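In what follows, a single structure is set out as structure tokens and then discussed.
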Amino acid sequence: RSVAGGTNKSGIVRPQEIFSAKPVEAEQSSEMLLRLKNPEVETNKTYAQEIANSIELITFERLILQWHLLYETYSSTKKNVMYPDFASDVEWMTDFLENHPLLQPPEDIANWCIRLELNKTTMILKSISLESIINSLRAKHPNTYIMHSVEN
Amino acid sequence: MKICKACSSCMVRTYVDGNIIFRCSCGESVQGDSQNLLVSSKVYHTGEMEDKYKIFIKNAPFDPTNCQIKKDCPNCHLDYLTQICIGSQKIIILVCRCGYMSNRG
Amino acid sequence: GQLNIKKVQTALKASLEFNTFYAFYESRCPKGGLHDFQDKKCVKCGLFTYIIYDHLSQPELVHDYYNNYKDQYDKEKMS
Ligand SMILES: [Zn+2]
Ligand SMILES: [Zn+2]
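Respectively, the protein sequence lines represent chains A, G and I. For the authors' numbering, count along the first sequence from 1 and bump the result up by 1062. For the second sequence, position 78 (counting from the first letter as 1) is numbered 78 according to the authors' numbering, and the numbering increases by one without interruption. For the authors' numbering, count along the third sequence from 1 and bump the result up by 908.
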């Protein structure tokens, strides 16, 4: 039997989990078996493989290939003052400012910022669009303010 | 990394208030402009296959225990090359004692 | 021994290329974004042409359609 994580069924690991009543977080070989709704669509492999990808957990970290924490605020295009390497971002932040006039920079922007790049291949691979990332972030994070480039 | 010009000591960062101002235990301050604003960073799948194996790749054609293959070297036309496999990506590199490096690595 | 090696090799190179292409695009789409139900040319042009490999001339066209994509992704992976 395999030893690598997620399938740690080596030796006595699984028998102790049952007999010692270890909680959910202590399980090293946890599994589930999900049955596709409806029986006729359950017979198709192509429909099976895509739903499996949809239910899998995709977090931010795997969509990013580099991120940077910067000590800078934003007061629109009136004050500037940015990191030198990333000072070129205002070329699209100005595009973002006019393309998304509904959510202007708030009146309480702190002097901090995280700039993140996306691994487009992973986005292409697992079909997360830039629209879905931004919408989910803003709904989950309401003390942060969002700028993004254009994915096309 | 900021070192005190007089004490040669490491200076705290002390982000107050709209700028970055380094401070030493001797009370000296030097402040910071522009290029000091990078607080922290992390780049994924970087720092691998360039800095970890540079010495090993350089010495590989001279290692007796490295596996070798029958393949012509473009530079010195030696009939054998040194075959190298690095990483969980299994990147195959062919290197020669003449410095030929297959442009990979 | 009656089988011709040069025909076997050239068939395997197409079989390896097509298998690796579809193995790489098992979920991925040449135009990107999964969509292996019907959209674009991610999965099929009708029938079971994406796995059966014996209906012929559907893999010969589709793989040639996105041969450039296969070349550019392999070198990106091999880096
Ligand atoms: Zn000092
Ligand atoms: Zn050589």
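Every residue gets a Cβ at the ideal spot worked out from N, C-alpha and C, and that includes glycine.
With a cutoff of 8 Å on beta-carbon distance, residue 1126 of chain A and residue 1178 of chain A are scored as near each other.
If the five residues before and after residue 5 of chain G are omitted, its C-beta is found closer than 8 Å to the C-beta atoms of 28, 30, all from its own chain and listed in chain order.
Ligand 1 has no heavy atom closer than 7 Å to the beta-carbon of residue 10 of chain G. Chain I has no Cβ within less than 8 Å of the Cβ of residue 1214 of chain A. Interface flag for residue 1064 of chain A against chain I is unset, since no Cβ pair is found closer than 8 Å. Every alpha helix (DSSP H) of 4 residues or more that sits fully in the stretch 1065 to 1114 of chain A is shown, in chain order, as 1075 to 1081. Across the stretch 4 to 37 of chain G, CB contacts with chain A closer than 7 Å involve 15, 18, 20, 34, 35, 37, in sequence order along the chain.
Taking 7 Å as the cut-off, the C-beta of residue 25 of chain G counts as close to a heavy atom of ligand 1. For residue 42 of chain G, the enclosing beta strand (DSSP E) stretches over residues 38 to 43.
Taking the beta carbon of residue 69 of chain G as reference, no residue of chain I falls within 9 Å; the closest one sits roughly 17 Å away.
Taking a 10 Å sphere around the C-beta of residue 1130 of chain A, we find 16 or more other C-beta atoms and assign the residue as buried. Within the same chain, 1098, 1104 come within 8 Å of residue 1110 of chain A by CB-CB distance, once the 5 residues on both sides are set aside. Remark: C-beta atoms of residue 1120 of chain A and residue 1186 of chain A do not approach each other more closely than 8 Å.
Exclusion of residue 969 of chain I from the 7 Å shell around ligand 2 follows from its C-beta lying no nearer than that to any non-hydrogen atom of the ligand.
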